[PDB]
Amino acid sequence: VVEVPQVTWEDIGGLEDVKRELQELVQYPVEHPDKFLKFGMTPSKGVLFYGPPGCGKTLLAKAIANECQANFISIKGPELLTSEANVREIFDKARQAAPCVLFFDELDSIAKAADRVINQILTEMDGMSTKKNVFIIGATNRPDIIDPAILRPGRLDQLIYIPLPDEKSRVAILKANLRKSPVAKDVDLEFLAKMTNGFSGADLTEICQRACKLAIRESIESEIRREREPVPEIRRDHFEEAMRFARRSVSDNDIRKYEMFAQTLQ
């Protein structure tokens, strides 16, 4: 389907740095085209996101399209196999859908025939002007195997690290996932962030979803009972019971690999 996404910056915990870097990569074009002239700026066309799985690369790409009021077209890495015109077909459909954000997901799969579905991606990128109003975003969990051709100026310009949430970020991620549920006042998310170092954003959200299921099942069963003879909440005890089922999804060794990769781009 081709739509404008619902998710906004408000749904993304942490990443305040990356967020305002994305806006000026996006708001510069439009809120000052009367200095977008005066120096001859050839605007952005592509970013490559990287980092551990489940920290919000997809969220950020959707939320870029929500801020621009833009269409969102998402192709997942492996399904480009049968077969080069598939790459042409996708860019034409994202031209047709302008303004549009075209999101290449899971293309660490591609980085391993497949030789030139990369080449059929790169040339398609060079033969599409800034003026077609199509913004490209890519995401990988394997920054070690990025062919730097796709970062040559003209393609995926900016390379943005998306890290595991530190302690502050994890309070933001819990707070955001919960921004519209009724949660009891005995619930301490700052202490829950303290107890979840190394948890991904996905990891965090799962705890929330389990605490929500159990508050739901308890509400079902109780007023099943209270019919034999007032909005319910998610209490602290729904959260205690959600954590039996909770541990980090990303390994400490892998953490190190990302930390080293990013910290050597300063």
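Heads up: residue numbers just count along the shown sequence, starting at 1. Basically, rigid core = biggest C-alpha set you can superpose within 1.5 Å across the two forms.
- In terms of root mean square C-alpha deviation after superposing on the rigid core in 4 other deposited structures of this protein, the stretch standing farther out between 57-65 and 42-50 is 42-50.
- Where coordinates are absent for parts of the deposited sequence, a chain break appears; between neighbours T82 and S83 it spans 4 to 9 residues.
- Counting the unmodelled positions of the deposited sequence between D34 and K35 gives zero.
- Legend: mean Cα B-factor per stretch from the PDB entry, 65-73 versus 41-49; the higher mean is in 41-49.
- With 204-212 and 220-228 compared on mean CA B-factor from the PDB entry, the stretch scoring higher is 220-228.
- The PDB entry assigns the greatest CA B-factor among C55, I234, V26, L60 to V26.
- Among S169, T196, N141, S109, the highest C-alpha B-factor in the deposited entry belongs to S109.
- Among all modelled residues in this chain, the alpha-carbon of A262 has a temperature factor (C-alpha) in the middle third.
- Placement of the Cα temperature factor of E190 within the chain: lowest third of the modelled residues, per the deposited record.
- Per-chain ranking of the deposited C-alpha B factor places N86 in the highest third.
- In the deposited entry, the Cα temperature factor of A242 places it in the middle third of its chain's modelled residues.
- Per the deposited record, the Cα B-factor of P163 falls in the lowest third when ranked against the other modelled residues of its chain.
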